[PDB]
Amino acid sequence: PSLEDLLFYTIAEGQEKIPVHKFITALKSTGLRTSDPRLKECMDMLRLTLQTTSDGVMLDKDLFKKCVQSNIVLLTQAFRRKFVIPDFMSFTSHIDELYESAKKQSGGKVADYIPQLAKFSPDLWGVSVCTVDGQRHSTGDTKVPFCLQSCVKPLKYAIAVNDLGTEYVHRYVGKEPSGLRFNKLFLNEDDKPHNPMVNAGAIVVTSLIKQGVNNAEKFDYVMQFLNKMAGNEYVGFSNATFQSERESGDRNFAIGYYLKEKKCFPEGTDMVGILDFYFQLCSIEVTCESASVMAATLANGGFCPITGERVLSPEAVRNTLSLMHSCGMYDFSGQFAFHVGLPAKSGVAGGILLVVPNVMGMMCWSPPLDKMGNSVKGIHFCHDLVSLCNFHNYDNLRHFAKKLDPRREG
């Protein structure tokens, strides 16, 4: 036997040769993009042969084997329906219906407290999916950059835990939701911020990362980390959002001074500098597509699904998912945990970073926010998604009534 040959026969369907377009089309139907970083050698060899061979455009068992040899494992998993969602085409058509249904929820108000948030249209709405196997889908405004804002909080907490361990980080920040009106206190009674997902907690976490080096390096370090989480897709920076965040951060300066007086930072912290670093981190830009890969990295135990690279330790990923479960959605976190049961994090630019553990990551984005600060369409989408699929953390994988399970076939 031979695996490249075994693939060859499955796609050849009996003909002597496989047209290249027929291989490309079958590959995309699995959900992979041809630009997948794990498929580069196969795509390079295909492009090279379609130069050497303008006598084609067809691959015999020879030529096919030459192209797929270096990525044969992933291609076999792709073609033998071994991905976490085997019938990805059916699933993306469900994603699209959920998208269109959320598209009609027109309520909410865009964040307008700084000019670069009232700038974004209330009609932008995009959702991107990235499975733990790298299968991709996007519908709507998914290549429009927007700032992570508080969607960055779980990402930088994961970085802190990855670099420093659970015990160190939670010497400085708690691990629990505060309560439906302790949402207003900066500190719990151990004089720690309640958890990493609130502003006082995120400010302390920001103060833990890459200590001793300057802010430009700290930022480069977190940015390269975000690059790996996103499989090197778009991670950027909105200096416009940064200038306004630093001009409108009286509440954060109030938090910073409160934390300083209560001795909440690591020894030797320049609190005013940390606030500026914190302001920078909330102005980091993503698209729905690149952010979906970040969420998928968290869905995938800390491995980036489109590169195969280990980005975060399991401990960092587990802790981050645990705190997104209970603290990720502002005052809606309890209701969201109950009704959706998925680790998620919202931001004031309208993003919702969503993790379906072991299945996929998602970024939902629509700027108009509800009274709690969460994107109206994203929240609607996340309720619909769990209504349709047995993705709720406490759905059962065997008995799930009439929910669809996209991990199954028939």
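A residue's number is simply how far along the shown sequence it sits, counting from 1.
- For the pair 18-26 and 5-13, the mean B factor over Cα atoms is greater in 5-13.
- As listed in the deposited structure, the average C-alpha B-factor of 54-62 and of 32-40 is greater for 54-62.
- Of the candidates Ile352, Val348, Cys67, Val359, the deposited coordinates give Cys67 the top C-alpha B factor.
- The top Cα temperature factor in the record, among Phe336, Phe120, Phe253, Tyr330, falls on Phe120.
- In the deposited entry, the Cα temperature factor of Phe146 places it in the lowest third of its chain's modelled residues.
- In the deposited entry, the Cα temperature factor of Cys364 places it in the lowest third of its chain's modelled residues.
- In the deposited entry, the Cα temperature factor of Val386 sits in the bottom third of values across the chain's modelled residues.
- Ranked by C-alpha B-factor against the other modelled residues of its chain, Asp276 falls in the lowest third.
- In the deposited entry, the Cα temperature factor of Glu189 places it in the highest third of its chain's modelled residues.
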